[PDB]
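**Student:** Dumping the structure here so I can ask a few things about it.
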Amino acid sequence: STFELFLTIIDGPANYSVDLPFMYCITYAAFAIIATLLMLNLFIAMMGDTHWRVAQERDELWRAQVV
Amino acid sequence: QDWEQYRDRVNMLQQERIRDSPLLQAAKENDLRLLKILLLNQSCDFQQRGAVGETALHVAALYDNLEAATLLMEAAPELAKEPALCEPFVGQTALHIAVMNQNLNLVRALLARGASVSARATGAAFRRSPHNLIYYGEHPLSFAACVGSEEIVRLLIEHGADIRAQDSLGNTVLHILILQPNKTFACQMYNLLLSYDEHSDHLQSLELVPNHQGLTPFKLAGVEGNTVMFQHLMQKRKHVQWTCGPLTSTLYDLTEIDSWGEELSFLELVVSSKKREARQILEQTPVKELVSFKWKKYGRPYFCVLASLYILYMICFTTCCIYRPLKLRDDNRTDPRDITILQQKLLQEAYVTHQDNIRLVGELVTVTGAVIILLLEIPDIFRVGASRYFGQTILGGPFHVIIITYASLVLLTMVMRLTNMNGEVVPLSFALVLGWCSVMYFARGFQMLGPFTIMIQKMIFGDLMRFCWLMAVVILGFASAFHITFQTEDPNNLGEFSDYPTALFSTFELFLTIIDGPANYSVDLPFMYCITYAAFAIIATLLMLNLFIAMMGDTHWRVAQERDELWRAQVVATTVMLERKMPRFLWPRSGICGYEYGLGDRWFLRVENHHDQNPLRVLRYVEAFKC
Amino acid sequence: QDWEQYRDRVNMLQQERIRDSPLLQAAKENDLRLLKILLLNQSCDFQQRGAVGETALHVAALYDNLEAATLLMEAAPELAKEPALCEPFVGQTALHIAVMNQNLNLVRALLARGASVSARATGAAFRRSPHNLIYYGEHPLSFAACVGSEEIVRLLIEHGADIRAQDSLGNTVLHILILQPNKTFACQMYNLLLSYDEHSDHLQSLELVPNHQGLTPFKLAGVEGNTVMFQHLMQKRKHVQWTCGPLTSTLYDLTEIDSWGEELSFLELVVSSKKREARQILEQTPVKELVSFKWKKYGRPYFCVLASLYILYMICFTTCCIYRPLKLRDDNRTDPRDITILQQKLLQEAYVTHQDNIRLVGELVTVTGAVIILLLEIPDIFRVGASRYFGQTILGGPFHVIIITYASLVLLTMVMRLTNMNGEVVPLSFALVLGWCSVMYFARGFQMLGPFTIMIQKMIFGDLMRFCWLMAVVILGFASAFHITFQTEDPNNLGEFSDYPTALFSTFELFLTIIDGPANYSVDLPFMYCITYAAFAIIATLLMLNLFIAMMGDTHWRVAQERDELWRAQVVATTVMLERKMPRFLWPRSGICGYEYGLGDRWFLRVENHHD
Amino acid sequence: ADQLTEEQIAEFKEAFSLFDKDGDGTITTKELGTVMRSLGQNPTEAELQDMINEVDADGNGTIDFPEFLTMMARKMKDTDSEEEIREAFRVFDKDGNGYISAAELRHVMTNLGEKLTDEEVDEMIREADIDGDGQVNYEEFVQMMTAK
Amino acid sequence: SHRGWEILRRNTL
Ligand SMILES: [Ca+2]
Ligand SMILES: [Ca+2]
Ligand SMILES: [Ca+2]
Ligand SMILES: [Ca+2]
């Protein structure tokens, strides 16, 4: 469930009819920032950066792949 | 057998026949003492040839052989009049191959014997084709014009090469210069060939001789995008009025650009041409000021009137869809298969209210607003080519497919009514998502929304399809693996994969992180599902969905410049669409005519430019004059 | 008829009248044997002219014709004094067109006959406009100064062209050099024209003659961004003290840069100019060291005091919104239309607690903190231009719209109280999301948050609007198609499209993958919905939402350099805002004056550079 | 004619239009005095006709665009350069008018893989453009390639 | 800038 939260697949586990422990909300605000603000969007940045670096390398690698 | 494999063998069979005879071997090797000893005794029938059908004069001219040619012309001068006879080289005589290699003395020696300077070369290797590397035409004057050799060209006018002669495609010699790769030499060969033009001809001048599809040479440069030959044809159509210091006021002729009374105009053939360089004619200095004056003065408010007439029309269509004749249903839904939750059926045929008579007048607008589309889009299918029209993406492109498929579905729901068909909801909902995303056609009139809606077209074909082939592969592998592990499971507690259609749908929805990950924490899910899910969370919505933003993020700035000069070719191509569709009450003839400012009846356009008085671009040329 | 179409016909009608006469045809063709045979017998009234109103001397001067001009000046020397008469060419005489083509001998032959060197050319084709390609002014000395020809210019000072003469816009000849495209030649023509300047004049020098809107030529270079002419005007305002090896200590004059006692200062006219090149004056070597010394010494702590005064103010506003007078509701909510779930109404008028008297002193801060904004932002509307102020995005820009719309809504909820209006929740919640996103105005004082908050402005106008026009088109097509297939369905089990307003809202929420895909696996959804949904999942949240990250990812590095020198023009434009607003107890006059270090009363600034 | 510089003809064709901005047909010796006075040279009378009747071969003192190429082939006496960048100039240019242009230089960084913005490719031209017309010459392409 | 011309110099070499 922590791996699923990071990918924003499962909703944030919250039951508004009960009182969640306050230590969870402090750990969750860091997990919402480190995992699904920074890391998941740096992934799109890094893969967005190393796509045009090897966009020419991927083109003459396919011409060596049809041969 | 391919046709490239046929001509490859003939050009090798020509080499065997050259080795076959000592004559043809001595024809190409210049060994004159093996030539002279042969044709002194037993003077052969020189009708023995290669498989191309070429004489010993042809072989001695295909190679640069001055001497071996003239020895074969002395003892047999009838070799100069013979053509090649094989089906890809029909008509290539010895003058043609002598012209092609620019052998100056070999043209004179052949011209002294009366070589036919009008021999058409109708071979299958000479015609214009994507398979033949050079298209030079048929007449040997055209072979000399497209090699950039001015001495052979002056040599064929003095011996009577008819300059107005056109080949099998209709191209005169001034056409074949425009199809050349070396665009800067053919401009200078246009000045050479018009200096030999027939003075006071009965027919038109040679700058206006049409094609066998109707293309003037000035019209052919706009089709092929020969922008250098376009500016040399505009040299004879401008009249420099005055140069008041830095400014210059020229006056363009605009008769063959605008082309007022013609079916297929000049600008219609430029914006619809298959050449990618054809759009560059719409940035040259008499055309850029012309189609912008047609756009800013009439074309932009006559589009915004039309863009606001359609969004008012589509609002009237949805308002007649939201209000639609639904009655309460009586068939007690929990009795037949209580999974279903229908509770409104249709009305059979009843308009008897007051708040539905105002709906029928709105419906009737949608029927006559659909048939107008099928009256203004149906005759345009056949005059462009019925597939050139649906796929050129400059003149509408993939919006005419949408605007017709929408307008059919309003004429299809009319057949669903008036017969009390039950499935009325099916063609209406396709009509909305095609009707509203056709308002996107009117985004080309605005610089804010214009270049962006080309990018949605350039990603939904080039880039969304190369992703969605790579996800129908993937999400079939995980929807199958999700229907396996939940076939043996209880569908009442976790029903995200109750059926194989829903398993293909819930796996596609998970990939886009729309539906939450199917998990019920009060039951024990099978452990095989969690192993397949961690791979599906990594392959689909870590790697593939974020590589999509990377790839589309990469192929956006690659075609950010291509999308910008594609919209400037799109505001032109909607002007020429609108000048043709709208009646002539609207769109008066662009330009200032000359019937009152007396210089003719041609319609002129004035362009006043400010060219800089930089000295460095002049001082080099006034110093070569002074010293 | 357009006005470009009017002048296009006159310039063609001039060609018909030239073909009309043999004289004007011989005027431009130089055929002197067709000239001389004409005006020997039946000496015509040469008042016959073109439609421009131009004499035969004008046509023979519009083309480079030395000979055909002088033949028309011998038999009729009164052609040299005649102007053109049509309404776009009023006042263009034969000297003007001779100057324009740089015909050196044609200026001498016209000057030998007493041509009027002060003939104003007040035509509609000569004035400064976005439609006219060159603005050269009116006087023919100005026509010679802006062609970069020094020989014609020396020829008109010797025949008495008044150099201080200004045109209809007020521009003297030293102004029209600054508006030129060829910026490096007009610097050398400034040195030529001041060498002929009137010695010991009664009025000011020619470097200080104002405009008809008040612009000194030194002030005009800062408006038009003529950075080359700015450094040549700073040649006469620096005094090189010493050169101790590699260093050089110059001493800039700073009187016409700082401009202490003036309403519209020099730096106010530079940072507010419509020219995009106007920001480059704030990087030149006497101004870059000036506005950074105004920023680091006073401007940055007088902003951080103000940036922390406002965030303390907005905390006091929300704390007076969270605590707000709500009482329990008695109208038994399940009786009227049990869909509704209201349970707090308002208080009519009651502050009688102890923990609400401390709220009223906080409320009163928000009312007097709103009217201060409507006292410090309302007089600034009219002195910049009331639309130049709301849309220049260098001096605040789209934060003054926010800071006034916020401050009105605190003065609107005050009218919602004191009258017991029921809808108090409506202007308060617009006041928070406008009040807090106006703290974003104080991000320009920090290099970390400065250039980023320009990018949020450059995407929310240029790039979010070009996307949201292309989604109101799309999500109307799918919200309509979702309200169709669920109108016949049961709203009790799947109520995501119960109404057409909710269908437009639930389709907008699906596109942003906020709300889950509406699916109830215990019922059978209609098959037409799943076909429309697979297209909506592909067109909206595969293609369009990820093309948005691609397009905004592409137009970020295109204007990453433009956003960097736009923030450096934004820390200057908040300094000049703060030096004008704050009282003169604060901000002492920048620079070292010269009343004690005796060289004048001008306020000097020292810049010491190390040139390699 | 056999001067054999295909891209200098496209330079001379723009250069010939400078002298003949006045009028459509060719140089008329007052049309050369117009551009000489634009530089402030101020040439003497009856020295223009001498300066044109020493370039003109075929009488009729007006000089035309074929005769213009004769003189510039005689000057710029002769250069035997590496011939490889002269091949690369014609593949960087896709319209073939002998000028690289403002936009086509951005059209090759987009294809070579350089993330270069619109202003920085404009900065590439301003360094390369000696005559400052905004499009680099072939000779400007050579001077920006092998000179260093 | 001069950085862009050093790539076009490199690609022909
Ligand atoms: Ca001429
Ligand atoms: Ca001549
Ligand atoms: Ca080019
Ligand atoms: Ca150049």
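Note on naming: chains are A, B, ... as they come in the structure tokens, residues start from 1 per chain, ligands start from 1 in the order shown.
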Given a cut-off of 8 Å, which residues of chain C touch chain B, counting only C-alpha atoms, written out as a PyMOL selection string?
**Tutor:** chain C and resi 8-9+12-13+15-16+62-63+97+100-102+133+462+466+469-470+473-474+476-478+480-485+487-490+510+513-517+521-525+528+532+537+541-544+546-547+549-551+553-554
**Student:** Residues as selected, C-alpha atoms, written as a compact mmCIF listing (two decimals), in the first residue's frame, can you do that?
**Tutor:**
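Final output, again.txt:
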```txt
# COMPACT_ATOMS: atom_id res chain seq x y z
CA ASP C 8 -1.67 53.02 -52.70
CA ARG C 9 -3.91 54.61 -55.33
CA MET C 12 -0.28 54.93 -58.79
CA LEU C 13 -2.21 58.03 -59.90
CA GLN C 15 2.32 57.52 -62.50
CA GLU C 16 -0.63 58.29 -64.79
CA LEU C 62 12.51 62.05 -56.88
CA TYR C 63 14.69 60.26 -59.42
CA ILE C 97 13.56 64.84 -51.86
CA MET C 100 16.56 62.05 -49.17
CA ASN C 101 18.39 60.56 -52.15
CA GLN C 102 21.70 62.12 -50.98
CA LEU C 133 8.19 52.83 -42.48
CA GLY C 462 0.04 32.42 -22.98
CA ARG C 466 -4.51 28.14 -25.31
CA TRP C 469 -9.98 26.89 -25.03
CA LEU C 470 -9.14 23.47 -26.48
CA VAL C 473 -14.42 22.41 -26.72
CA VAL C 474 -13.58 18.82 -25.77
CA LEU C 476 -18.42 19.90 -23.62
CA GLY C 477 -18.47 17.09 -26.15
CA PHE C 478 -18.09 14.41 -23.53
CA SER C 480 -23.04 16.20 -23.27
CA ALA C 481 -22.42 12.59 -24.26
CA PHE C 482 -22.34 11.57 -20.60
CA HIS C 483 -25.59 13.34 -19.77
CA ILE C 484 -27.24 11.55 -22.69
CA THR C 485 -26.41 7.98 -21.67
CA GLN C 487 -30.42 10.49 -18.39
CA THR C 488 -32.20 7.20 -19.03
CA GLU C 489 -30.23 5.54 -16.24
CA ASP C 490 -30.99 5.40 -12.51
CA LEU C 510 -12.50 13.05 -14.69
CA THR C 513 -7.86 12.24 -12.98
CA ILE C 514 -9.26 13.66 -9.73
CA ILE C 515 -12.52 11.78 -9.43
CA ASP C 516 -12.36 8.05 -10.09
CA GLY C 517 -13.95 6.69 -13.25
CA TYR C 521 -19.55 -3.09 -10.54
CA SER C 522 -22.72 -4.41 -8.90
CA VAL C 523 -24.90 -3.02 -11.72
CA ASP C 524 -24.72 -3.21 -15.50
CA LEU C 525 -23.61 0.09 -16.98
CA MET C 528 -22.61 3.10 -24.94
CA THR C 532 -17.56 6.95 -24.99
CA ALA C 537 -9.74 8.31 -21.41
CA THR C 541 -6.21 12.16 -20.03
CA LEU C 542 -3.78 10.40 -22.34
CA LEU C 543 -3.30 12.88 -25.15
CA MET C 544 -4.38 16.30 -23.96
CA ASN C 546 0.13 14.88 -21.20
CA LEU C 547 0.52 17.16 -24.20
CA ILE C 549 3.09 18.83 -19.80
CA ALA C 550 4.87 18.51 -23.15
CA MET C 551 3.88 21.96 -24.42
CA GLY C 553 7.70 21.63 -20.98
CA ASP C 554 8.61 23.04 -24.38
```
**Student:** With only C-alpha atoms as the counted atoms, please give the residues lying no more than 9 Å from region 2-5 of chain E, apart from itself and same-chain residues fewer than 5 positions off, as a compact mmCIF listing (two decimals) with N, CA, C and O atoms, in the first residue's frame.
**Tutor:**
```
# COMPACT_ATOMS: atom_id res chain seq x y z
N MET D 109 19.34 22.90 -36.36
CA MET D 109 19.56 22.56 -34.96
C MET D 109 18.43 21.70 -34.43
O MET D 109 18.63 20.88 -33.53
N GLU D 114 20.21 19.79 -31.30
CA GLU D 114 20.49 20.85 -30.35
C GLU D 114 19.22 21.54 -29.89
O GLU D 114 18.44 22.06 -30.69
N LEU D 116 18.18 24.54 -29.15
CA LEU D 116 18.54 25.94 -29.32
C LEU D 116 17.29 26.77 -29.51
O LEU D 116 16.44 26.43 -30.34
N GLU D 120 18.80 32.45 -29.74
CA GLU D 120 20.19 32.03 -29.79
C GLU D 120 20.61 31.62 -31.19
O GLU D 120 21.78 31.76 -31.56
N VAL D 121 19.67 31.11 -32.00
CA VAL D 121 20.01 30.85 -33.39
C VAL D 121 20.06 32.16 -34.17
O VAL D 121 20.84 32.30 -35.12
N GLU D 123 21.29 34.70 -32.68
CA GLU D 123 22.61 35.14 -32.24
C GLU D 123 23.70 34.47 -33.06
O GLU D 123 24.79 35.03 -33.25
N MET D 124 23.42 33.27 -33.58
CA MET D 124 24.39 32.58 -34.42
C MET D 124 24.58 33.29 -35.75
O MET D 124 25.67 33.25 -36.34
N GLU D 127 26.72 36.87 -35.48
CA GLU D 127 28.16 36.67 -35.44
C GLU D 127 28.69 36.32 -36.82
O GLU D 127 29.78 36.74 -37.20
N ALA D 128 27.89 35.59 -37.60
CA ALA D 128 28.34 35.07 -38.88
C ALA D 128 28.12 36.03 -40.04
O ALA D 128 28.71 35.84 -41.10
N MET D 144 33.23 31.49 -41.57
CA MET D 144 32.88 30.91 -40.29
C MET D 144 33.20 29.43 -40.20
O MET D 144 32.77 28.77 -39.25
N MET D 145 33.94 28.88 -41.16
CA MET D 145 34.22 27.46 -41.05
C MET D 145 35.71 27.15 -40.96
O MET D 145 36.16 26.47 -40.03
N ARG E 10 31.85 20.81 -36.23
CA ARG E 10 32.21 19.45 -35.82
C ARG E 10 31.56 18.41 -36.71
O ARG E 10 32.16 17.36 -36.99
```
**Student:** As a quick test: using only C-alpha atoms and all ligand atoms, which residues lie no more than 9 Å away from ligand 4? Give them as a list in words.
**Tutor:**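 Result of the 9 Å neighbour search around ligand 4: residues 617 of chain B; 11, 99, 100, 101, 125, 128, 129, 130, 131, 132, 133, 134, 135, 136, 137, 138, 139, 140 and 141 of chain D.
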**Student:** Would you write out those residues with N, CA and C atoms, as a CSV table (one decimal), in the first residue's frame?
**Tutor:**
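In the end it all went to out28.csv:
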```
chain,number,residue,atom,x,y,z
B,617,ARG,N,27.4,45.7,-47.9
B,617,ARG,CA,26.9,44.9,-49.0
B,617,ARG,C,27.0,45.6,-50.4
D,11,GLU,N,24.4,35.0,-55.0
D,11,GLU,CA,24.8,36.2,-54.3
D,11,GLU,C,24.9,37.4,-55.3
D,99,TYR,N,21.4,31.8,-49.9
D,99,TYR,CA,21.4,32.3,-48.5
D,99,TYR,C,20.9,31.2,-47.6
D,100,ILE,N,21.5,31.1,-46.4
D,100,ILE,CA,21.1,30.2,-45.4
D,100,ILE,C,19.7,30.5,-44.8
D,101,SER,N,19.5,31.8,-44.6
D,101,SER,CA,18.3,32.5,-44.0
D,101,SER,C,18.3,32.5,-42.5
D,125,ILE,N,23.5,33.9,-36.2
D,125,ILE,CA,23.6,34.6,-37.5
D,125,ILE,C,24.4,35.9,-37.4
D,128,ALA,N,27.9,35.6,-37.6
D,128,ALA,CA,28.3,35.1,-38.9
D,128,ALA,C,28.1,36.0,-40.0
D,129,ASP,N,27.3,37.1,-39.9
D,129,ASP,CA,26.8,37.9,-41.0
D,129,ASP,C,27.6,39.2,-41.0
D,130,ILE,N,28.6,39.2,-41.9
D,130,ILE,CA,29.4,40.4,-42.1
D,130,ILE,C,28.6,41.6,-42.7
D,131,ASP,N,27.9,41.3,-43.8
D,131,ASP,CA,27.1,42.4,-44.4
D,131,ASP,C,25.8,42.6,-43.6
D,132,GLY,N,25.5,41.8,-42.6
D,132,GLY,CA,24.4,42.1,-41.7
D,132,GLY,C,23.0,42.0,-42.2
D,133,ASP,N,22.8,41.3,-43.3
D,133,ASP,CA,21.5,41.2,-43.9
D,133,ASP,C,20.6,40.1,-43.3
D,134,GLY,N,21.1,39.4,-42.3
D,134,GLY,CA,20.3,38.5,-41.5
D,134,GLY,C,20.3,37.1,-42.1
D,135,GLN,N,21.0,36.8,-43.2
D,135,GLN,CA,21.2,35.5,-43.8
D,135,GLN,C,22.6,35.4,-44.1
D,136,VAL,N,23.3,34.3,-43.7
D,136,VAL,CA,24.7,34.2,-43.9
D,136,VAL,C,25.0,33.9,-45.4
D,137,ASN,N,26.0,34.5,-45.9
D,137,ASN,CA,26.5,34.2,-47.2
D,137,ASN,C,27.2,32.9,-47.3
D,138,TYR,N,27.4,32.3,-48.5
D,138,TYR,CA,28.3,31.2,-48.6
D,138,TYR,C,29.7,31.6,-48.2
D,139,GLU,N,30.2,32.8,-48.6
D,139,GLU,CA,31.5,33.2,-48.2
D,139,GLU,C,31.5,33.5,-46.7
D,140,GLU,N,30.4,33.9,-46.1
D,140,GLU,CA,30.3,34.0,-44.7
D,140,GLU,C,30.3,32.7,-44.1
D,141,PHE,N,29.8,31.7,-44.8
D,141,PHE,CA,29.8,30.3,-44.3
D,141,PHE,C,31.2,29.7,-44.3
```
**Student:** Return as a list in words the residues of protein, DNA or RNA that approach ligand 1 to within 6 Å, with only C-alpha atoms and all ligand atoms taken into account.
**Tutor:**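 Listed by chain and ascending number, the contacts are residues 23, 24, 25, 26, 27 and 28 of chain D.
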**Student:** Write a file of the selected residues as a PDB file, in the first residue's frame, keeping N, CA and C atoms.
**Tutor:**
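Below is the file that was written, part.pdb:
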```
ATOM      1  N   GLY D  23      14.616  51.205 -61.490  1.00  0.00           N
ATOM      2  CA  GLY D  23      14.220  50.575 -62.733  1.00  0.00           C
ATOM      3  C   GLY D  23      14.289  49.060 -62.703  1.00  0.00           C
ATOM      4  N   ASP D  24      13.546  48.460 -63.632  1.00  0.00           N
ATOM      5  CA  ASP D  24      13.470  47.010 -63.757  1.00  0.00           C
ATOM      6  C   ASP D  24      14.528  46.474 -64.712  1.00  0.00           C
ATOM      7  N   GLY D  25      14.636  47.069 -65.898  1.00  0.00           N
ATOM      8  CA  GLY D  25      15.709  46.737 -66.809  1.00  0.00           C
ATOM      9  C   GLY D  25      17.018  47.285 -66.279  1.00  0.00           C
ATOM     10  N   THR D  26      18.103  46.820 -66.894  1.00  0.00           N
ATOM     11  CA  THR D  26      19.459  46.837 -66.351  1.00  0.00           C
ATOM     12  C   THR D  26      20.107  48.209 -66.175  1.00  0.00           C
ATOM     13  N   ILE D  27      21.387  48.197 -65.806  1.00  0.00           N
ATOM     14  CA  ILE D  27      22.097  49.356 -65.257  1.00  0.00           C
ATOM     15  C   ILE D  27      22.159  50.482 -66.280  1.00  0.00           C
ATOM     16  N   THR D  28      21.854  51.706 -65.844  1.00  0.00           N
ATOM     17  CA  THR D  28      21.750  52.828 -66.766  1.00  0.00           C
ATOM     18  C   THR D  28      22.697  53.982 -66.472  1.00  0.00           C
TER      19      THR D  28
END
```
**Student:** Find, counting only C-alpha atoms and all ligand atoms, the residue in D:73, D:85, D:9, D:57 that gets nearest to ligand 2.
**Tutor:**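 Once distances to ligand 2 are computed over only C-alpha atoms and all ligand atoms, the minimum belongs to D:57.
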**Student:** So which residues are near ligand 2, meaning at most 10 Å away with only C-alpha atoms and all ligand atoms counted, given back as number ranges by chain?
**Tutor:** D: 26-28, 52-53, 55-68
**Student:** Store the residues of this selection in a file with N, CA, C and O atoms, as a compact mmCIF listing (two decimals), in the first residue's frame.
**Tutor:**
```
# COMPACT_ATOMS: atom_id res chain seq x y z
N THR D 26 18.10 46.82 -66.89
CA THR D 26 19.46 46.84 -66.35
C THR D 26 20.11 48.21 -66.17
O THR D 26 19.46 49.24 -66.36
N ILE D 27 21.39 48.20 -65.81
CA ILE D 27 22.10 49.36 -65.26
C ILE D 27 22.16 50.48 -66.28
O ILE D 27 22.49 50.27 -67.44
N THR D 28 21.85 51.71 -65.84
CA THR D 28 21.75 52.83 -66.77
C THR D 28 22.70 53.98 -66.47
O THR D 28 22.42 55.10 -66.92
N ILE D 52 31.81 52.52 -67.09
CA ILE D 52 30.92 51.48 -67.58
C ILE D 52 31.29 51.02 -68.98
O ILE D 52 31.13 49.83 -69.30
N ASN D 53 31.90 51.89 -69.79
CA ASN D 53 32.39 51.52 -71.11
C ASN D 53 33.77 50.87 -71.06
O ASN D 53 34.47 50.81 -72.07
N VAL D 55 33.70 47.93 -69.00
CA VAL D 55 33.20 46.66 -68.50
C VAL D 55 32.28 46.12 -69.58
O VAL D 55 32.17 44.90 -69.79
N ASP D 56 31.69 47.03 -70.35
CA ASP D 56 30.70 46.69 -71.38
C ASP D 56 31.42 46.13 -72.60
O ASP D 56 32.37 46.72 -73.11
N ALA D 57 30.94 44.98 -73.06
CA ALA D 57 31.54 44.34 -74.23
C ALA D 57 30.74 44.59 -75.50
O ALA D 57 31.33 44.70 -76.58
N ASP D 58 29.42 44.69 -75.40
CA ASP D 58 28.54 44.64 -76.56
C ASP D 58 27.89 45.99 -76.85
O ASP D 58 26.70 46.06 -77.15
N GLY D 59 28.67 47.07 -76.79
CA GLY D 59 28.18 48.39 -77.12
C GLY D 59 27.17 48.88 -76.10
O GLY D 59 27.36 48.62 -74.91
N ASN D 60 26.13 49.60 -76.57
CA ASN D 60 24.86 49.93 -75.91
C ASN D 60 24.94 50.18 -74.41
O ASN D 60 24.30 49.47 -73.62
N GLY D 61 25.64 51.25 -74.03
CA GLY D 61 26.37 51.41 -72.77
C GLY D 61 25.81 50.89 -71.46
O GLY D 61 26.56 50.75 -70.50
N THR D 62 24.50 50.68 -71.40
CA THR D 62 23.89 49.88 -70.34
C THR D 62 24.56 48.52 -70.21
O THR D 62 24.78 47.82 -71.20
N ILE D 63 24.87 48.13 -68.97
CA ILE D 63 25.43 46.81 -68.69
C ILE D 63 24.37 45.95 -68.03
O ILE D 63 23.61 46.42 -67.18
N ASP D 64 24.33 44.68 -68.42
CA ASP D 64 23.29 43.74 -67.99
C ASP D 64 23.90 42.62 -67.16
O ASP D 64 25.12 42.47 -67.06
N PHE D 65 23.01 41.80 -66.59
CA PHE D 65 23.34 40.73 -65.66
C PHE D 65 24.27 39.64 -66.20
O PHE D 65 25.06 39.11 -65.42
N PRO D 66 24.23 39.25 -67.49
CA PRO D 66 25.34 38.42 -67.99
C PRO D 66 26.68 39.14 -67.97
O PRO D 66 27.69 38.54 -67.59
N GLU D 67 26.71 40.42 -68.34
CA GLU D 67 27.96 41.17 -68.35
C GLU D 67 28.44 41.46 -66.93
O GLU D 67 29.62 41.72 -66.70
N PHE D 68 27.51 41.45 -65.97
CA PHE D 68 27.89 41.65 -64.58
C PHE D 68 28.69 40.47 -64.05
O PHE D 68 29.59 40.65 -63.22
```
**Student:** Using only C-alpha atoms, find the residues of chain A whose closest atom to chain C is at most 12 Å away, then write them as a PyMOL selection string.
**Tutor:** chain A and resi 8-11+41+44-45+48-49
**Student:** For chain D against ligand 3, with a cut-off of 7 Å and counting only C-alpha atoms and all ligand atoms, what is the closest atom pair and its distance in Å to one decimal for every residue that makes the cut, ordered by chain and number, as JSON lines?
**Tutor:**
```
{"residue": "D:93", "atom": "CA", "partner": "ligand 3", "partner_atom_place_in_ligand_line": "1 (Ca)", "distance": 5.3}
{"residue": "D:94", "atom": "CA", "partner": "ligand 3", "partner_atom_place_in_ligand_line": "1 (Ca)", "distance": 6.3}
{"residue": "D:95", "atom": "CA", "partner": "ligand 3", "partner_atom_place_in_ligand_line": "1 (Ca)", "distance": 5.1}
{"residue": "D:96", "atom": "CA", "partner": "ligand 3", "partner_atom_place_in_ligand_line": "1 (Ca)", "distance": 6.0}
{"residue": "D:97", "atom": "CA", "partner": "ligand 3", "partner_atom_place_in_ligand_line": "1 (Ca)", "distance": 5.6}
{"residue": "D:98", "atom": "CA", "partner": "ligand 3", "partner_atom_place_in_ligand_line": "1 (Ca)", "distance": 6.4}
{"residue": "D:99", "atom": "CA", "partner": "ligand 3", "partner_atom_place_in_ligand_line": "1 (Ca)", "distance": 4.6}
{"residue": "D:100", "atom": "CA", "partner": "ligand 3", "partner_atom_place_in_ligand_line": "1 (Ca)", "distance": 4.2}
{"residue": "D:101", "atom": "CA", "partner": "ligand 3", "partner_atom_place_in_ligand_line": "1 (Ca)", "distance": 4.6}
{"residue": "D:104", "atom": "CA", "partner": "ligand 3", "partner_atom_place_in_ligand_line": "1 (Ca)", "distance": 6.3}
```
**Student:** Go through chain D and flag each residue having an atom no more than 10 Å from chain A; for those, report the closest pair of atoms plus their distance in Å to one decimal, using only C-alpha atoms, ordered by chain and rising number, as a Markdown table.
**Tutor:**
```
| residue | atom | partner | partner_atom | distance |
| --- | --- | --- | --- | --- |
| D:111 | CA | A:56 | CA | 9.7 |
| D:112 | CA | A:56 | CA | 8.7 |
| D:113 | CA | A:52 | CA | 7.3 |
| D:114 | CA | A:52 | CA | 9.2 |
| D:115 | CA | A:52 | CA | 9.3 |
```
**Student:** Write the residues of the selection above to a file with C-alpha atoms, as an mmCIF file, in the first residue's frame.
**Tutor:**
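Output (selection.cif):
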```
data_model
loop_
_atom_site.group_PDB
_atom_site.id
_atom_site.type_symbol
_atom_site.label_atom_id
_atom_site.label_comp_id
_atom_site.auth_asym_id
_atom_site.auth_seq_id
_atom_site.Cartn_x
_atom_site.Cartn_y
_atom_site.Cartn_z
ATOM 1 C CA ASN D 111 17.359 18.150 -36.785
ATOM 2 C CA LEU D 112 20.904 17.887 -35.421
ATOM 3 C CA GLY D 113 19.471 17.542 -31.916
ATOM 4 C CA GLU D 114 20.489 20.851 -30.352
ATOM 5 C CA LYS D 115 17.990 22.408 -28.003
#
```
**Student:** Would you list the contacts of residue 220 (chain B) as a list in words, taking every protein, DNA or RNA residue within 8 Å and counting only C-alpha atoms, but skipping same-chain residues closer than 5 positions in sequence?
**Tutor:** residues 175, 178 and 215 of chain B
